[PDB]
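**Q** Below you'll find structure24.pdb; it's PDB, C-alpha atoms and all ligand atoms.
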```pdb
ATOM      1  CA  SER A   1      10.113  56.317 -34.199
ATOM      2  CA  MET A   2       7.615  53.523 -33.414
ATOM      3  CA  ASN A   3       7.969  50.807 -30.759
ATOM      4  CA  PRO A   4       8.870  47.292 -31.899
ATOM      5  CA  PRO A   5       6.895  44.254 -30.863
ATOM      6  CA  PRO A   6       7.990  43.117 -27.399
ATOM      7  CA  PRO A   7      10.232  40.076 -26.823
ATOM      8  CA  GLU A   8       8.543  36.711 -26.929
ATOM      9  CA  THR A   9       7.301  35.173 -23.670
ATOM     10  CA  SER A  10       6.440  31.785 -25.157
ATOM     11  CA  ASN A  11       7.781  29.607 -27.948
ATOM     12  CA  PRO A  12       6.602  26.009 -28.386
ATOM     13  CA  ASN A  13       9.800  25.192 -30.285
ATOM     14  CA  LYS A  14      12.072  26.103 -27.361
ATOM     15  CA  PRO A  15      12.881  23.403 -24.825
ATOM     16  CA  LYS A  16      12.223  24.153 -21.177
ATOM     17  CA  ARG A  17      12.035  22.649 -17.749
ATOM     18  CA  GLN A  18      11.256  23.537 -14.161
ATOM     19  CA  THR A  19      14.244  23.661 -11.834
ATOM     20  CA  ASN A  20      14.546  24.683  -8.183
ATOM     21  CA  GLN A  21      16.858  27.481  -9.313
ATOM     22  CA  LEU A  22      14.245  28.809 -11.728
ATOM     23  CA  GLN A  23      11.628  28.647  -8.969
ATOM     24  CA  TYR A  24      13.955  30.770  -6.815
ATOM     25  CA  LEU A  25      14.424  33.214  -9.666
ATOM     26  CA  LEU A  26      10.665  33.801  -9.721
ATOM     27  CA  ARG A  27       9.737  33.480  -6.046
ATOM     28  CA  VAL A  28      12.718  35.314  -4.569
ATOM     29  CA  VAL A  29      14.650  37.222  -7.233
ATOM     30  CA  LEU A  30      11.943  38.629  -9.511
ATOM     31  CA  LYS A  31       9.328  39.101  -6.770
ATOM     32  CA  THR A  32      11.739  41.027  -4.555
ATOM     33  CA  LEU A  33      13.156  43.233  -7.318
ATOM     34  CA  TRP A  34       9.629  44.047  -8.444
ATOM     35  CA  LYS A  35       8.945  45.776  -5.118
ATOM     36  CA  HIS A  36      12.079  47.951  -5.167
ATOM     37  CA  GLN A  37      11.340  51.695  -5.504
ATOM     38  CA  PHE A  38      13.502  51.830  -8.639
ATOM     39  CA  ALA A  39      11.890  48.821 -10.352
ATOM     40  CA  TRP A  40       9.253  50.698 -12.310
ATOM     41  CA  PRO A  41      11.357  51.817 -15.347
ATOM     42  CA  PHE A  42      12.235  48.147 -15.844
ATOM     43  CA  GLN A  43       8.792  46.554 -15.316
ATOM     44  CA  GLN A  44       7.668  46.860 -18.953
ATOM     45  CA  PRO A  45       9.324  47.353 -22.342
ATOM     46  CA  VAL A  46      10.634  50.863 -22.817
ATOM     47  CA  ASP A  47       7.941  52.986 -24.473
ATOM     48  CA  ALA A  48      10.282  55.008 -26.692
ATOM     49  CA  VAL A  49       7.359  56.755 -28.369
ATOM     50  CA  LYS A  50       5.987  58.141 -25.090
ATOM     51  CA  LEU A  51       9.489  59.050 -23.879
ATOM     52  CA  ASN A  52      10.312  60.697 -27.231
ATOM     53  CA  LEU A  53      13.462  58.609 -27.622
ATOM     54  CA  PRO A  54      13.259  57.773 -31.312
ATOM     55  CA  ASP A  55      16.808  56.315 -31.318
ATOM     56  CA  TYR A  56      16.213  53.924 -28.395
ATOM     57  CA  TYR A  57      15.447  50.908 -30.583
ATOM     58  CA  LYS A  58      18.012  52.063 -33.131
ATOM     59  CA  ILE A  59      20.669  51.356 -30.484
ATOM     60  CA  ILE A  60      19.085  48.660 -28.306
ATOM     61  CA  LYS A  61      18.562  45.672 -30.599
ATOM     62  CA  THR A  62      18.116  43.037 -27.876
ATOM     63  CA  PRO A  63      15.691  44.743 -25.514
ATOM     64  CA  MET A  64      14.769  43.106 -22.235
ATOM     65  CA  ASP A  65      12.714  44.073 -19.204
ATOM     66  CA  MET A  66      11.451  42.491 -15.992
ATOM     67  CA  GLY A  67       7.851  42.284 -17.248
ATOM     68  CA  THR A  68       9.071  40.015 -20.018
ATOM     69  CA  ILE A  69      11.234  38.067 -17.563
ATOM     70  CA  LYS A  70       8.299  37.668 -15.170
ATOM     71  CA  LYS A  71       6.114  36.269 -17.949
ATOM     72  CA  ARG A  72       8.899  33.947 -19.140
ATOM     73  CA  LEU A  73       9.250  32.608 -15.606
ATOM     74  CA  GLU A  74       5.481  32.224 -15.100
ATOM     75  CA  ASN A  75       5.249  30.542 -18.502
ATOM     76  CA  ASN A  76       8.117  28.134 -17.800
ATOM     77  CA  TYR A  77       9.991  29.405 -20.858
ATOM     78  CA  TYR A  78      13.509  28.686 -19.633
ATOM     79  CA  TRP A  79      15.632  25.533 -19.719
ATOM     80  CA  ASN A  80      17.906  26.675 -16.895
ATOM     81  CA  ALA A  81      18.698  29.509 -14.502
ATOM     82  CA  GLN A  82      21.545  30.768 -16.685
ATOM     83  CA  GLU A  83      19.116  31.627 -19.483
ATOM     84  CA  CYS A  84      17.082  33.770 -17.099
ATOM     85  CA  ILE A  85      20.146  35.375 -15.496
ATOM     86  CA  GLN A  86      21.252  36.266 -19.024
ATOM     87  CA  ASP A  87      17.967  38.133 -19.579
ATOM     88  CA  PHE A  88      18.510  40.165 -16.409
ATOM     89  CA  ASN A  89      22.090  40.894 -17.489
ATOM     90  CA  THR A  90      20.898  41.997 -20.916
ATOM     91  CA  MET A  91      18.432  44.361 -19.241
ATOM     92  CA  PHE A  92      21.152  45.929 -17.081
ATOM     93  CA  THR A  93      23.740  46.109 -19.871
ATOM     94  CA  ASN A  94      21.194  47.734 -22.200
ATOM     95  CA  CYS A  95      20.671  50.464 -19.613
ATOM     96  CA  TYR A  96      24.395  51.151 -19.244
ATOM     97  CA  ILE A  97      24.883  51.115 -23.047
ATOM     98  CA  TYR A  98      22.148  53.609 -23.871
ATOM     99  CA  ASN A  99      22.523  56.103 -21.041
ATOM    100  CA  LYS A 100      25.241  58.316 -19.600
ATOM    101  CA  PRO A 101      27.082  57.741 -16.340
ATOM    102  CA  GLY A 102      25.364  59.708 -13.612
ATOM    103  CA  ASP A 103      21.972  59.628 -15.313
ATOM    104  CA  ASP A 104      19.139  58.868 -12.912
ATOM    105  CA  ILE A 105      18.193  55.721 -14.836
ATOM    106  CA  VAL A 106      21.747  54.400 -14.397
ATOM    107  CA  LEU A 107      21.645  55.048 -10.650
ATOM    108  CA  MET A 108      18.322  53.188 -10.555
ATOM    109  CA  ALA A 109      19.709  50.253 -12.553
ATOM    110  CA  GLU A 110      22.754  50.098 -10.301
ATOM    111  CA  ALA A 111      20.603  49.847  -7.167
ATOM    112  CA  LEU A 112      18.440  47.162  -8.707
ATOM    113  CA  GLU A 113      21.511  45.282  -9.922
ATOM    114  CA  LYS A 114      23.052  45.388  -6.438
ATOM    115  CA  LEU A 115      19.938  43.690  -5.065
ATOM    116  CA  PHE A 116      19.841  41.213  -7.970
ATOM    117  CA  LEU A 117      23.427  40.165  -7.344
ATOM    118  CA  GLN A 118      22.783  39.748  -3.611
ATOM    119  CA  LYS A 119      19.948  37.390  -4.481
ATOM    120  CA  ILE A 120      21.966  35.497  -7.128
ATOM    121  CA  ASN A 121      24.805  35.060  -4.635
ATOM    122  CA  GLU A 122      22.427  32.821  -2.661
ATOM    123  CA  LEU A 123      21.091  30.866  -5.656
ATOM    124  CA  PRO A 124      20.428  27.326  -4.387
ATOM    125  CA  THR A 125      22.448  24.345  -5.568
ATOM    126  CA  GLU A 126      20.939  22.983  -8.761
ATOM    127  CA  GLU A 127      18.285  20.254  -8.834
TER     128      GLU A 127
HETATM  129  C1  LIG B   1      15.009  50.881 -18.890
HETATM  130  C2  LIG B   1      15.377  52.282 -19.341
HETATM  131  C3  LIG B   1      16.632  52.493 -19.938
HETATM  132  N1  LIG B   1      16.926  53.750 -20.310
HETATM  133  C4  LIG B   1      16.054  54.739 -20.134
HETATM  134  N2  LIG B   1      16.529  55.995 -20.561
HETATM  135  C5  LIG B   1      15.844  57.247 -20.581
HETATM  136  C6  LIG B   1      16.507  58.298 -21.207
HETATM  137  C7  LIG B   1      15.918  59.552 -21.303
HETATM  138  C8  LIG B   1      14.662  59.782 -20.772
HETATM  139  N3  LIG B   1      13.998  61.043 -20.875
HETATM  140  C9  LIG B   1      12.817  60.997 -21.605
HETATM  141  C10 LIG B   1      11.998  62.270 -21.582
HETATM  142  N4  LIG B   1      12.767  63.373 -21.980
HETATM  143  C11 LIG B   1      12.171  64.495 -21.958
HETATM  144  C12 LIG B   1      13.946  63.429 -21.242
HETATM  145  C13 LIG B   1      14.742  62.144 -21.286
HETATM  146  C14 LIG B   1      14.011  58.726 -20.141
HETATM  147  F1  LIG B   1      12.812  58.907 -19.586
HETATM  148  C15 LIG B   1      14.590  57.469 -20.046
HETATM  149  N5  LIG B   1      14.840  54.594 -19.609
HETATM  150  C16 LIG B   1      14.490  53.378 -19.187
HETATM  151  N6  LIG B   1      13.224  53.193 -18.608
HETATM  152  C17 LIG B   1      12.298  54.254 -18.405
HETATM  153  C18 LIG B   1      12.679  55.469 -17.872
HETATM  154  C19 LIG B   1      11.725  56.445 -17.678
HETATM  155  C20 LIG B   1      10.402  56.218 -18.003
HETATM  156  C21 LIG B   1      10.012  54.998 -18.525
HETATM  157  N7  LIG B   1       8.617  54.836 -18.799
HETATM  158  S1  LIG B   1       7.942  53.786 -19.854
HETATM  159  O1  LIG B   1       6.878  54.494 -20.484
HETATM  160  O2  LIG B   1       8.911  53.288 -20.776
HETATM  161  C22 LIG B   1       7.226  52.423 -18.945
HETATM  162  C23 LIG B   1       6.275  53.044 -17.934
HETATM  163  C24 LIG B   1       6.465  51.530 -19.911
HETATM  164  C25 LIG B   1       8.314  51.632 -18.242
HETATM  165  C26 LIG B   1      10.957  54.010 -18.722
END
```
Will you turn the file into structure tokens for me?
**A**
Amino acid sequence: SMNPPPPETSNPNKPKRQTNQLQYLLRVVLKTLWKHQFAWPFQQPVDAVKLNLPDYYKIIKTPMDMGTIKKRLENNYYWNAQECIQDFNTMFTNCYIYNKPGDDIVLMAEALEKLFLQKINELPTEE
């Protein structure tokens, strides 16, 4: 089962703006998570062909990954921090939906999510 096209990272029809919270999401949240030892499965779209997971995109219909999020942030795709936080949450939820408790990938997601939430807990006051 073939890979779908990746999620968009630009869209001229979508409104957007720069906010101090979005800057933090790139400079602090994304850039820190990227360096975590367990980041790598989440740095690009899942390659379900290479992994021989032909049902991955049968089950995950709203895929999301940190490579996509990074590009969206660099490309000023978002209107607000909540939109970006939603993409991270989609990424984590997708992992917990597809995999079994106790799977290595779930342990990895959980560690990354712990760090994410620590960073979001310090999200600066808006504007
Ligand atoms: C984000 C995520 C969510 N859920 C999974 N699940 C999952 C399930 C089963 C297996 N394996 C596959 C091989 N097979 C023999 C045994 C079962 C499995 F490997 C993973 N995996 C995720 N990410 C990931 C993990 C590893 C490797 C890459 N590599 S990649 O090519 O996609 C890359 C380098 C482009 C990120 C991604």
**Q** Which residues fall under the PyMOL selection byres (((not hetatm)) within 8 of (chain B and resi 1)) in this file, as a list in words?
**A**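 Listing what the PyMOL selection byres (((not hetatm)) within 8 of (chain B and resi 1)) selects in the shown file: residues 40, 41, 42, 43, 44, 45, 46, 47, 48, 50, 51, 52, 53, 65, 91, 94, 95, 96, 98, 99, 105, 106 and 109 of chain A.
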**Q** For the structure shown, which residues end up in the PyMOL selection byres (((chain A and resi 89) around 12) and not hetatm)? Put them as a PyMOL selection string, please?
**A** chain A and resi 62-66+69+82-88+90-97+109-110+112-114+116-117+120
**Q** Skip residue 12 (chain A) itself and residues of its chain fewer than 5 positions away, then list as a list in words all residues within 12 Å of it, counting only C-alpha atoms.
**A**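 Counting only the stated atoms, we get residues 75, 76, 77 and 78 of chain A.
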**Q** I'd like to see the residues matched by the PyMOL selection byres (((chain A and resi 19-25) around 10) and not hetatm) on this file, and ideally I'd get them as a compact mmCIF listing (two decimals) with C-alpha atoms, in the coordinates of the input.
**A**
```
# COMPACT_ATOMS: atom_id res chain seq x y z
CA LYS A 16 12.22 24.15 -21.18
CA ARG A 17 12.04 22.65 -17.75
CA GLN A 18 11.26 23.54 -14.16
CA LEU A 26 10.66 33.80 -9.72
CA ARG A 27 9.74 33.48 -6.05
CA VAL A 28 12.72 35.31 -4.57
CA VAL A 29 14.65 37.22 -7.23
CA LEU A 30 11.94 38.63 -9.51
CA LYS A 31 9.33 39.10 -6.77
CA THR A 32 11.74 41.03 -4.56
CA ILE A 69 11.23 38.07 -17.56
CA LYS A 70 8.30 37.67 -15.17
CA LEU A 73 9.25 32.61 -15.61
CA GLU A 74 5.48 32.22 -15.10
CA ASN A 76 8.12 28.13 -17.80
CA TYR A 78 13.51 28.69 -19.63
CA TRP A 79 15.63 25.53 -19.72
CA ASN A 80 17.91 26.68 -16.90
CA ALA A 81 18.70 29.51 -14.50
CA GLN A 82 21.54 30.77 -16.68
CA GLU A 83 19.12 31.63 -19.48
CA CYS A 84 17.08 33.77 -17.10
CA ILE A 85 20.15 35.38 -15.50
CA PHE A 116 19.84 41.21 -7.97
CA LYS A 119 19.95 37.39 -4.48
CA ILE A 120 21.97 35.50 -7.13
CA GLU A 122 22.43 32.82 -2.66
CA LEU A 123 21.09 30.87 -5.66
CA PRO A 124 20.43 27.33 -4.39
CA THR A 125 22.45 24.34 -5.57
CA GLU A 126 20.94 22.98 -8.76
CA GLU A 127 18.28 20.25 -8.83
```
**Q** Separation of CA of residue 36 (chain A) and CA of residue 49 (chain A), in Å?
**A** 25.3 Å
**Q** Between CA of residue 9 (chain A) and CA of residue 72 (chain A), measure the distance and give it in Å to one decimal.
**A**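 It comes out at 5.0 Å.
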**Q** Please, what distance in Å, to one decimal, runs between CA of residue 2 (chain A) and CA of residue 34 (chain A)?
**A**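 CA of residue 34 (chain A) lies at a distance of 26.8 Å from CA of residue 2 (chain A).
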**Q** Using all atoms listed in the file, can you tell me which of A:68, A:39, A:115, A:101 comes closest to residue 6 (chain A)?
**A** A:68
**Q** Of the candidates A:118, A:56, A:61, A:102, which one gets nearest to residue 7 (chain A) if we count all atoms listed in the file?
**A**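 When distances to residue 7 (chain A) are compared using all atoms listed in the file, the smallest one comes from A:61.
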**Q** Output, as lines of an AutoDock Vina configuration file, the centre and edge lengths in Å (one decimal) of the axis-aligned box that contains all listed atoms of region 106-123 of chain A with 3 Å of margin on each side.
**A**
```
center_x = 21.6
center_y = 43.0
center_z = -8.5
size_x = 12.5
size_y = 30.2
size_z = 17.7
```
**Q** Kindly add N, CA, C and O atoms to the incomplete region 73-84 of chain A and provide the output as a short mmCIF file (atom, residue, chain, number, x, y, z; two decimals), keeping the file's coordinate frame.
**A**
```cif
data_model
loop_
_atom_site.label_atom_id
_atom_site.label_comp_id
_atom_site.auth_asym_id
_atom_site.auth_seq_id
_atom_site.Cartn_x
_atom_site.Cartn_y
_atom_site.Cartn_z
N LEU A 73 9.20 33.48 -16.77
CA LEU A 73 9.25 32.61 -15.61
C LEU A 73 7.90 31.95 -15.31
O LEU A 73 7.82 30.74 -15.09
N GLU A 74 6.83 32.74 -15.35
CA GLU A 74 5.48 32.22 -15.10
C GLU A 74 5.08 31.21 -16.17
O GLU A 74 4.31 30.29 -15.91
N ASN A 75 5.62 31.38 -17.37
CA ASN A 75 5.25 30.54 -18.50
C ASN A 75 6.19 29.36 -18.68
O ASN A 75 6.07 28.62 -19.65
N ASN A 76 7.11 29.19 -17.74
CA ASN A 76 8.12 28.13 -17.80
C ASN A 76 8.82 28.08 -19.15
O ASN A 76 8.94 27.05 -19.79
N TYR A 77 9.32 29.24 -19.57
CA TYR A 77 9.99 29.40 -20.86
C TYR A 77 11.43 28.93 -20.89
O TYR A 77 11.98 28.64 -21.95
N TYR A 78 12.08 28.91 -19.73
CA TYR A 78 13.51 28.69 -19.63
C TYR A 78 13.88 27.21 -19.45
O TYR A 78 13.13 26.43 -18.84
N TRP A 79 15.05 26.84 -19.97
CA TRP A 79 15.63 25.53 -19.72
C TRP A 79 16.45 25.53 -18.42
O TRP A 79 16.51 24.52 -17.71
N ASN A 80 17.10 26.64 -18.10
CA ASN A 80 17.91 26.68 -16.90
C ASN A 80 18.00 28.09 -16.35
O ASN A 80 17.55 29.04 -16.97
N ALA A 81 18.59 28.21 -15.16
CA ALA A 81 18.70 29.51 -14.50
C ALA A 81 19.59 30.45 -15.29
O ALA A 81 19.37 31.67 -15.29
N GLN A 82 20.62 29.92 -15.95
CA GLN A 82 21.54 30.77 -16.68
C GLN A 82 20.84 31.56 -17.78
O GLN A 82 21.16 32.72 -18.01
N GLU A 83 19.87 30.94 -18.45
CA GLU A 83 19.12 31.63 -19.48
C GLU A 83 18.39 32.84 -18.91
O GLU A 83 18.35 33.89 -19.54
N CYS A 84 17.81 32.69 -17.73
CA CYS A 84 17.08 33.77 -17.10
C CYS A 84 18.04 34.85 -16.59
O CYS A 84 17.80 36.03 -16.77
#
```
